[PDB]
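Asks: Residue numbers (the deposited numbering), protein chains in the order written: chain B, 1 to 577; chain G, 169 to 211; chain E, 5 to 463; chain I, 61 to 120; chain J, 35 to 146, 149 to 188.
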Amino acid sequence: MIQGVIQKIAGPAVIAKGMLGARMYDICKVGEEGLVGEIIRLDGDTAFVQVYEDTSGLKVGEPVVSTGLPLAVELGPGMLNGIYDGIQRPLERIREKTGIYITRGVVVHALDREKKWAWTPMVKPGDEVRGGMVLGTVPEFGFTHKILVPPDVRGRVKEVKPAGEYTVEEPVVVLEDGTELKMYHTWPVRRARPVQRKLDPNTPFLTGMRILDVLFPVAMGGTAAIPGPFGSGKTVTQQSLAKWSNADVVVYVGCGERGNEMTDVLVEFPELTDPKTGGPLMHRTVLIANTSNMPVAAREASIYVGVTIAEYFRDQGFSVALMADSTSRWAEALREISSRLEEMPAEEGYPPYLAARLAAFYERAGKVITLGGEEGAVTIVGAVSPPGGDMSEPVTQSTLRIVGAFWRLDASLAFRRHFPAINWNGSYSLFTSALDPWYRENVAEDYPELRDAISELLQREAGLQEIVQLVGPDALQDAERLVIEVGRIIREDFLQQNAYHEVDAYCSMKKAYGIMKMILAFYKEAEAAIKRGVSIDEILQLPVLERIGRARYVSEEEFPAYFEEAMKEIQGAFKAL
Amino acid sequence: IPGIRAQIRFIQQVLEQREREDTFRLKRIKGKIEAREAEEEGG
Amino acid sequence: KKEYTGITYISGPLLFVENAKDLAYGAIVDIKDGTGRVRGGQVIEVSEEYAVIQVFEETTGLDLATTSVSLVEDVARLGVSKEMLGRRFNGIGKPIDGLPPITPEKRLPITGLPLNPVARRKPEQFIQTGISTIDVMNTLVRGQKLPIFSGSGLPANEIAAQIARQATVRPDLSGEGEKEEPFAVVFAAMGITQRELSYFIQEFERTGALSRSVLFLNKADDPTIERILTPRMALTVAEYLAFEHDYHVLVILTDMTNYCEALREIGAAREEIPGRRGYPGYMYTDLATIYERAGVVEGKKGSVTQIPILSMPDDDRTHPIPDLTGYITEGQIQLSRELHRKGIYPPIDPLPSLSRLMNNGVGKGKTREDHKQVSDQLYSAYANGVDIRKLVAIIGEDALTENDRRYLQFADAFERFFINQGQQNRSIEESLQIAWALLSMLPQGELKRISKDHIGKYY
Amino acid sequence: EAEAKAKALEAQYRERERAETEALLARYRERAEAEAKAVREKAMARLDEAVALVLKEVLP
Amino acid sequence: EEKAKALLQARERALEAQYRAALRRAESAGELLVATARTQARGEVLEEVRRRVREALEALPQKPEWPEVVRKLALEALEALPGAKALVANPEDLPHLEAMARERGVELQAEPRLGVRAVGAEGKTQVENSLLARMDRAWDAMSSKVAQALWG
């Protein structure tokens with residue numbers, strides 16, 4: 001409804017007058033063809049409009065038009081399970097109408113208006129509408145998808161289209177007082193949904209991985225980050241992550257990553273299957289991809305996309321699980337945009353905002369309470385990766401500042417084989433503290449006392465081995481060997497699992513607890529042997545250790561019992577000598 | 169090692185600071201070109 | 005009222021507004037988006053040809069057809085009551101909780117105004133702060149403006165939590181009535197995260213300390229400009245109560261990294277050429293006024309004390325962030341990190357510690373006669389430790405004198421015995437008490453720096 | 061048998077602590093609500109004049 | 035048992051301090067409740083007095099005083115503009131207005149109530165004079181003066 005005419009054309013920037021009353025930052029089809037654009041410095045009756053794609057071929061006299069709408073996300077049911085680009089374009093309607101490439105000048109929608117969903121308008125007309133309020137469900141892979149009002153609306157309900165088929169585009173119910181309401185409603189990326197109470201963290205988060213929670217929890221609503229040079233197994237984790245989870249909605253979305261590996265995600269994703277229903281995994285999933293090459297301001301928005309969409313789902317009461325990677329690359333786009341806008345850089349080369357937009361990406365999360373009065377999980381775990389190759393370049397040490405837990409993964413430890421290879425000695429999580437109450441509630445009650453206790457083991461190996469190991473394990477004394485023998489066990493069981501065993505690749509608190517428990521409990525009595533000067537290198541061959549040796553492989557149904565017999569036997573191997 | 173390390177950084181930050189001013193200085197040149205030729209539009 | 009329409013050119017930074025003749029300098033304006041949303045800004049640069057306003061949050065969705073700027077306040081100004089306390093008080097002053105507005109009293113300037121030198125005395129009383137080490141060697145004299153220099157791994161927060169509750173004034177040591185100094189602290193959380201926010205909540209509510217504080221909060225994910233306010237708001241609060249009502253006020257900023265951080269983002273949209281190493285070169289000026297408005301005032305009773313808490317972007321003490329504070333404020337306590345690796349908590353350390361003062365708030369009639377003495381001793385003790393600890397590592401472990409084996413073990417005692425203090429408290433007496441124990445090990449023929457009388461008064 | 065006594069000590073301290081916080085709060089909380097009400101009532105009586113004042117300044 | 039004598043003294047000690055001071059925080063909890071209760075109380079009060087102010091001030095046009103009161107506020111604003119051109123107030127006001135319906139810089143137009153709008157010195161400015169904007173300040177102004185006046 002506001003139409004302009006092109007005036008100058010300077011690559012990405014274009015300038016066109018015939019436009020006043022314009023609004024800062026919007027879509028806009030520009031060209032005879034038309035392509036999405038963006039208002040930045042307006043002036044008078046013109047604005048500079050940034051038309052993201054390869055501009056090439058435009059002439060002058062082509063009309064310009066605005067939607068008067070900021071770049072927004074479209075949020076409704078049916079979004080899940082598919083693949084999209086930065087500005088939310090679902091690839092399948094693409095593939096058919098392009099063949100190979102993705103041609104420019106394609107318009108679609110997120111949600112196909114061709115599917116007729118059947119539902120229930122879970123209320124009655126004659127009511128009070130309030131923002132954030134309930135409305136109605138359809139099911140899509142076994143979901144209670146509560147289609148809720150967009151917030152900031154309220155009044156009277158009149159007339160309620162009953163159950164039955166409707167395609168998405170068709171409206172639902174209405175207010176007397178003007179304005180209907182469609183099923184889905186759009187949301188600006190920049191703001192964040194208003195929510196009613198942040199709540200303190202104090203809620204666990206499962207991941208099942210031993211090393212993950214017992215030592216370095218993150219808490220649900222937690223926020224972590226993980227670096228990890230590649231060519232070293234880092235994706236493994238990301239896979240397993242979603243596999244068990246503790247949430248139920250998986251959103252994974254990175255953006256840009258040297259070609260082929262970005263395609264790996266795509267392929268292995270459908271093959272994996274939920275291990276909670278036996279339903280195909282892709283069902284409760286939503287992927288956004290974006291590959292290097294892809295248009296600049298695509299990529300810049302990319303994260304933010306993922307962030308919003310996560311909030312949506314969050315808002316519905318579920319617990320969610322976003323993943324994102326290539327945060328290190330994220331800044332890239334930012335540099336680029338700031339290249340084409342002449343604003344000085346600062347610091348190393350990434351403009352300054354990289355202590356804010358980077359910030360906000362993380363803030364939005366924790367333990368939100370909905371306006372719907374329920375609880376919804378938004379942990380983000382921060383992949384980053386510099387083949388700048390340091391724990392010092394801006395990006396990383398920025399994340400580190402805001403988020404709370406750092407799960408360092410490193411190649412070196414990995415080369416010896418032992419996957420996951422989260423290298424413990426360099427990792428940390430400020431988190432633990434506040435988790436302690438719930439910690440002690442649920443697991444055991446001596447529970448903390450164990451984690452701290454066992455960590456010391458490795459610690460007192462680190463600075464012993466370090467030096468003294470250039471003599472082997474035979475010029476050591478008594479207890480000296482004992483530490484590293486035990487150490488071995490911490491490293492041959494408590495550590496290393498696998499992600500290829502139905503028997504183990506998943507746990508629970510209560511399982512690990514026993515595990516660790518036994519390992520102190522065999523060790524303290526190991527020390528009573530050497531304190532009497534008993535044969536040492538005999539302890540090191542007793543059958544008891546093999547009952548540990550199998551312990552990981554013990555299956556979860558048999559797990560209680562397996563402690564039951566095994567444990568008390570420990571008591572008895574020392575009586576023997 | 170931790171010392172000659174400590175030198176190297178020092179190079180980095182100064183080599184870098186060199187060019188901040190480069191750009192900033194250069195920037196101003198543009199400003200001139202456009203302001204100047206805005207009144208070679210004339211009228 | 006009046007009110008200007010004529011918005012005519014925008015950019016991510018400021019924007020253009022024609023005709024001004026009554027919008028002075030530094031005016032705080034609000035802008036009604038006409039879609040019933042309002043936002044604000046400053047007036048930097050003004051002319052007979054047009055005024056421009058500092059966009060506070062974001063431009064997002066403005067036009068040039070309607071919308072208007074509106075003069076809201078002419079000097080940035082704001083009320084301060086002694087209703088305050090307890091209220092959990094976000095910057096811009098429309099607080100948190102559920103509780104309603106704060107009633108004004110006195111609406112005053114917010115830039116502060118310099119305190120002419122002939123109006124403040126050299127300070128001379130002592131703050132009992134619970135961390136021994138600080139009050140032993142160094143001294144938190146009530147005037148002061150010591151700064152704690154941190155990093156990632158060292159907790160900056162917890163430390164600051166510590167001196168939160170453990171802080172008292174001990175009058176009797178000098179010998180006067182307690183009633184005289186009623187006690188409070190500002191505390192402004194500027195730059196906290198999720199977790200970091202959720203932390204300090206309970207720290208007050210548990211010891212009931214919320215009763216003598218005001219919590220400025222910031223969240224660190226609100227528009228940039230709010231950050232460059234919240235110090236300067238926070239200060240003035242205290243100033244009222246400080247001089248006018250007389251209290252002894254602690255003022256606790258947090259991570260001024262997050263200050264500079266924010267501050268620069270101005271300058272890259274104003275352009276003054278930050279010739280300095282990532283920061284606008286008019287830096288110092290501004291960090292002037294923020295670390296300088298606290299202290300004692302002659303002919304008044306109450307006073308202020310600033311605690312800056314800030315982490316250098318790397319270890320290098322030469323990124324200006326921590327550096328300039330160095331000039332500005334006095335004193336300097338740091339944390340080290342090598343203490344942390346061994347685990348003694350809460351690592352502070354002393355090897356670069358100091359305090360510019362510590363020559364007042366000392367000795368007889370005030371403190372106790374021995375700070376002033378035992379000050380240097382320990383200093384001088386620790387020193388000869390570290391030298392030794394080199395020479396094990398490069399020549400031998402019995403290629404040493406045994407005049408050393410005592411300083412060795414004295415270094416351990418001073419190490420994990422003394423420095424550690426747990427989350428239990430200590431008291432200035434108790435401090436010196438165990439300070440004497442610290443000395444004890446050494447023979448008495450080496451302790452040059454101590455007057456003879458005390459030597460037998462203790463052991 | 062010394063452990064039995066010490067555990068038992070905890071009891072006397074805990075019950076009495078418990079009972080005391082449980083009683084003190086009860087009386088106070090419902091007394092605060094009452095006093096809050098009683099200041100409303102103080103206000104009630106004479107309240108008009110302020111509005112009268114506010115009207116008066118703007119009125120011309 | 036000989037041992038037992040040495041424990042029983044001590045467990046009274048550690049607990050006794052952790053008892054009275056524990057009680058303090060409970061007693062102080064009540065004080066925090068008293069403060070809060072009160073702080074709730076001041077908000078109803080100040081808001082109420084505000085509400086009545088709204089009602090009376092909103093009863094300004096209906097009341098038999100309204101064309102008279104008009105031209106004051108009209109004058110006050112008109113004065114602020116050094117040029118003139120417009121003066122818009124509803125088809126409520128505007129017919130009543132004879133003073134500067136007779137005079138001005140000529141022309142009166144359109145309509146959007150609790151205040152009067154106008155323009156002067158080209159279309160550039162928009163300078164108005166809401167009664168409610170005088171209110172929004174003044175309410176903030178004699179805030180505290182009112183509470184002293186009330187509880188007084």
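Backbone N, C-alpha and C define an ideal beta-carbon position, used for all residues, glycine too.
1. Between which two residues does the alpha helix (DSSP H) harbouring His458(E) extend?
2. Span of the beta strand (DSSP E) holding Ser74(E)?
3. Rank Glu22(E), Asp37(E) and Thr64(E) by C-alpha distance to the C-alpha of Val47(E) and give the top, closest one.
4. Just to confirm, is the Cβ distance from residue 604(B) to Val64(B) under 8 Å?
5. Within the 8 Å Cβ cut-off, does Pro113(E) reach chain J?
6. Do you know offhand how far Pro127(E)'s Cα is from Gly299(E)'s?
7. Kindly indicate if chain B contains any beta-carbon less than 8 Å away from that of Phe192(G).
8. In the DSSP output, what is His252(E) paired with across the bridge?
9. Run through chain B and tell me which residues come within less than 8 Å of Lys195(G), C-beta to C-beta.
10. Which residues in chain E have a C-beta closer than 7 Å to the C-beta of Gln180(G)? List them in chain order.
11. Determine the chain E residues that contact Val68(J) at a beta-carbon separation under 9 Å, and present them in chain order.
12. Who are the Cβ neighbours of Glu114(B) in its own chain at under 7 Å, not counting the five residues just before and after it?
13. In chain G, what lies closer than 8 Å to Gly400(E) by C-beta?
14. What's the call for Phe415(B), buried or exposed, on a 16-neighbour Cβ count within 10 Å?
15. Output yes or no for whether 8 Å exceeds the beta carbon distance between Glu110(J) and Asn124(J).
16. Near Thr293(E), which residues of its chain fall below 7 Å by C-beta distance, leaving aside the five closest residues on each side in sequence?
17. Quick check: is the beta carbon of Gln185(G) nearer than 8 Å to any beta carbon in chain E?
18. Here's a check: name, in chain order, each residue in its chain whose Cβ is nearer than 8 Å to the Cβ of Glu393(B), leaving out the five neighbours to either side.
19. Along the segment 13-38 of chain E, what residues have a CB closer than 8 Å to any CB found in chain J?
20. Which parts of the segment 255-290 of chain E are runs of the alpha helix (DSSP H), unbroken and 4 residues or longer, counting only runs that do not cross its ends?
21. Going along chain E in order, which residues have a C-beta closer than 8 Å to the C-beta of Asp200(B)?
22. So which residues on chain J does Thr172(E) lean against when the C-beta distance must stay under 7 Å?
23. Closer than 7 Å, Cβ to any Cβ of chain E: which residues of the segment 115-139 of chain J, in chain order?
24. With 16 other CB atoms within 10 Å as the buried threshold, where does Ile303(B) fall?
25. In chain E, what lies closer than 7 Å to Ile402(B) by C-beta?
26. Using a C-beta to C-beta distance shorter than 8 Å, which residues of chain E count as neighbours of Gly77(J)?
27. Counting Cβ pairs closer than 8 Å, one from the segment 382-395 of chain E and one from the segment 183-203 of chain E, do we hit at least three?
28. Considering only their Cβ atoms, is the gap separating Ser429(B) from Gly376(B) smaller than 8 Å?
29. Can you tell me the Cα-Cα spacing of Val114(I) and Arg149(J), whole angstroms?
30. So, for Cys264(E): in the same chain, excluding its five sequence neighbours on each side, which residues have a beta-carbon less than 7 Å away from its beta-carbon?
31. Put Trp117(B) into one of helix, strand or coil per three-state DSSP.
32. Are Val305(B) and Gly86(B) closer than 8 Å when you measure CB to CB?
33. Is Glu189(G) close to chain E, meaning its C-beta is less than 8 Å from at least one C-beta of that chain?
34. Drop a sphere of 10 angstroms on the beta-carbon of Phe153(E), count the other beta-carbons inside from all chains shown, and report buried for 16 or more, exposed for fewer.
35. Chain E partners of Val163(J), CB-CB under 7 Å?
36. Note down the Cα distance separating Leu442(E) from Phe414(E), rounded to an integer number of angstroms.
Replies: According to the data block:
1. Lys456 to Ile459
2. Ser72 to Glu77
3. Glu22(E)
4. Nothing can be reported for residue 604(B): it is not among the residues displayed for chain B, which extend from 1 to 577.
5. no
6. 8 Å
7. Interface residue, yes.
8. In DSSP, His252(E) forms a bridge with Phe187(E) and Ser307(E).
9. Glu342 and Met344
10. Ordered by position in chain E, no residue passes the 7 Å Cβ test against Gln180(G), which lies about 11 Å from the chain.
11. Under the 9 Å cutoff, chain E gives no residues; its nearest Cβ is about 11 Å from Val68(J).
12. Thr167
13. Those do not exist, as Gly400(E) stays about 24 Å from chain G at its closest Cβ, beyond 8 Å.
14. It counts as exposed.
15. no
16. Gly116
17. yes
18. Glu348 and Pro386
19. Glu22 and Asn23
20. 261-271
21. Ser202 and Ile205
22. Near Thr172(E) there are no residues of chain J at all, since even the closest Cβ is about 15 Å away, more than 7 Å.
23. none
24. buried
25. Close to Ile402(B), with beta-carbon spacing below 7 Å, are these residues of chain E in chain order: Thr197.
26. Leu103, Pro104 and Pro105
27. no
28. At least 8 Å separates the beta-carbon of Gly376(B) from that of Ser429(B).
29. 19 Å
30. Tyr283 and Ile325
31. In the structure shown, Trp117(B) sits in a strand (DSSP, three-state: E or B).
32. With contacts defined as CB atoms closer than 8 Å, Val305(B) and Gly86(B) qualify as a contacting pair.
33. Closer than 8 Å: yes.
34. buried
35. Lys5, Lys6 and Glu7
36. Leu442(E) and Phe414(E): Cα-Cα distance of roughly 7 Å.
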